[PDB]
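In the form deposited in one PDB entry, a lone chain appears below as structure tokens.
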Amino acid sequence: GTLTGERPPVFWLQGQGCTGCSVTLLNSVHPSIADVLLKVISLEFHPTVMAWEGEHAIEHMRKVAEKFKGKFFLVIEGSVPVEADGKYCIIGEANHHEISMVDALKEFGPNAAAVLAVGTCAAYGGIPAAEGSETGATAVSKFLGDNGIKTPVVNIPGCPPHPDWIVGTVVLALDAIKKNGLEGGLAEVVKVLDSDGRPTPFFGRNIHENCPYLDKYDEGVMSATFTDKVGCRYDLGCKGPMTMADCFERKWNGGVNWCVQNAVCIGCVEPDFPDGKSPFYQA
């Protein structure tokens, strides 16, 4: 991009998130996060990093939303809790009225070009929706569907996602929109999503079938301690066999490590994370 090029507006709303999906994005190597913010998107609302605050920040988002009705991208980080009339997640206050996450998604959801559900919480419910929870934590696509909101959703899961999955999905979409316009472009994006709403360039390959320890798995050579890096990690709890992500190739944090080399995969991109991937440390 350039400092003077076309950059679509983005609002980033946090529901029941941990801010890890924002932090992971800050770790993008290429393009750098500075280049993303100054050359790729216009991040108009984001509570962790924006200059203004409070009702003034909410009203800024609402002014941009009106100007770009149907055309802004809405990122959701975290699940949407529906119990107690939305009171388990209040995201702001304007005009002496509290705004729950439920309220915010009903307000902005219908008017976004697309909703990017970033992270497993937003995509699938994640840890806030897991056994023992009591907030009605709900995935974005289910919440929107239950409320009759037809805006396209793209899931970019992981706990957290790799920055390349987030930036790369944005770039996918912007390439498709540049070739086909907004509706045609979003239709091309939807065509490359799997049955769990995930872009196949990043989630179309299985961890285990591409794992460098697969020969040890097939030989039955299993590490008995985490620090044995020769054997397969299956007995230590590795969930690679059930996980669709490209971590084996892309690795993490500038390529310096990844979960299977260091310890085990916990299946963090999968719709049943965490409960269907637990216990983490046995098969």
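A residue's number is simply how far along the shown sequence it sits, counting from 1. Shifts are known only where both forms have a C-alpha. In this text, rigid core is short for the largest set of C-alphas that superpose within 1.5 Å between two forms.
Keep in mind that the form deposited in another entry is not shown, yet the notes after this line are about it.
- Of the residues listed here (51, 34, 256, 230), only one shifts its CA by 2 angstroms or more between the shown form and the other one after fitting on the rigid core, and it is 34.
- In the other entry, the CA atoms of residue 181 and residue 35 sit closer together than in the displayed form, by at least 3 angstroms.
- CA of residue 32 to CA of residue 191: closer by 3 Å or more in the other entry than in the shown form.
- Shifted segments between the shown form and the other one, defined as at least 3 consecutive common residues whose CA atoms all move 2 Å or more after rigid-core fitting, lie at 31 to 37, 39 to 41.
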